[PDB]
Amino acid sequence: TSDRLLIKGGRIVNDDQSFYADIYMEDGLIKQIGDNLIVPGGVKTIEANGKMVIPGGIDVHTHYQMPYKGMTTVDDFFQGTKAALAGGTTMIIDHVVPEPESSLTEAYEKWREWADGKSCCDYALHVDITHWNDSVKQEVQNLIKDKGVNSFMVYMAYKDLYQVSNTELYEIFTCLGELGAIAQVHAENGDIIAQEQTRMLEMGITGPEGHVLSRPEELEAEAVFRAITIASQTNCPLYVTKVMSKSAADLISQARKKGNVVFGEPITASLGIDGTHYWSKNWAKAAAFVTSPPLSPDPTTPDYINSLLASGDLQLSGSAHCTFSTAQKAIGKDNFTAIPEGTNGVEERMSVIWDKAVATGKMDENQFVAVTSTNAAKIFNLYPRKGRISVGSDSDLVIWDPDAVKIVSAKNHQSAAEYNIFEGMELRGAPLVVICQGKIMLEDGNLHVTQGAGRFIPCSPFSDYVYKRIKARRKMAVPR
């Protein structure tokens, strides 16, 4: 599997504490932690020299080689996970997207085949419920029981394509609750967005600004509140993907304070920048920002999202990395509704949070670990195998430099995209060394990776972190 490796003089930073210790690794696992380790001679030894050592990042939202209209996103499972590793991320969770009226299981097999053959790092899979009926219900059950899936996503947007009704939502959340799965949502109101898009085009607003104006944050907030409400009535845990706005995040905060089982996933884009760039005079640049929900035009938004990720009102971060070329984006040059949706973010996720939340004093290093790996591992039932530096855990570690300062650019990023939405931003905090599966995959700015080295990691239902309260609530007429 993996050679012996010793990291010396490192400061271990887990979500619960930080402490000085050496780390000995072999065959994909952490074997010893402490001082003066009884270790074989001739072991490859890295001198951490007081630098931080954290669990590798888990990016819970990717779209590598995602199909769209006979094309594919430009970062595939190989190049996309190269990008992840370059940024300190050692596990990704991608979305399987079956065509409406097609098999979920057959889609899952396709995605397993693509990723097993190309991923540089360990991965898992969410399965999107793009339509609903009795056979789909059966497949969901089968996928949870037999295929290592515990997370499924529904769409409240994309009217006449993926969108599900309130009756379907109730049916689906009841089912996912009974089976021990996470119920994920893409939460915007598709019915109202459909009208507003028509309204924008009739006003002659065909550029990317038409995208953000046709999807104001009130339509994200409505759909979030409604999802929270249906999930509560069906005793189902809810996970809100791609939290983009202050109002969505406040609804999640509100629901969690009442005791509702609700999680929020901000992304690199909503943590790092705003939507002013939709009004760029450079069409291509503006189209690079087109994603759904969009980036809020309100410039106070990213500081707020970071604040709520710091306080635990939001719990984990993803990227929704979903890159298209300038030529693909330009398909929608005359009509924003035809711009393929998605931006970059996998490489920049951990640096963006360090820069915006840790160097700003909003969160400490332990909460940084929580919001980049450990909470994700707990929610998806991967803890302590992932998201922790502990004996018996997987050898996925990063030597992090808090003092590193790097300018982001399309020129030096691993993505095949020509644009980078964070172009020109100077970020504090970066990885020096990345170890994945016990092997050194980044050092001295050099990537050392193998196509297909990454393993599918099965995720079991009924995560304790998610379901203990649900179960306790389940456990709890007037005779006339």
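Each residue number is its position in the shown sequence, starting from 1.
- As listed in the deposited structure, the average C-alpha B-factor of 440-448 and of 41-49 is greater for 41-49.
- Looking at 174-182 and 86-94 together, the entry lists the larger mean B-factor for 174-182, computed on C-alpha atoms.
- Take 71, 249, 398, 358 and read off each C-alpha B-factor from the entry; 71 has the highest.
- When the C-alpha B factors of 258, 333, 226, 386 are read from the deposited coordinates, the top value falls at 333.
- For residue 279, the recorded CA temperature factor ranks within the highest third of the chain's modelled residues.
- Sort the chain's modelled residues by C-alpha temperature factor and residue 62 lands in the lowest third, per the entry.
- Per the deposited record, the Cα B-factor of residue 310 falls in the lowest third when ranked against the other modelled residues of its chain.
- Annotation for residue 424: C-alpha temperature factor in the highest third relative to the rest of the modelled chain, per the entry.
- For residue 28, the recorded CA temperature factor ranks within the highest third of the chain's modelled residues.
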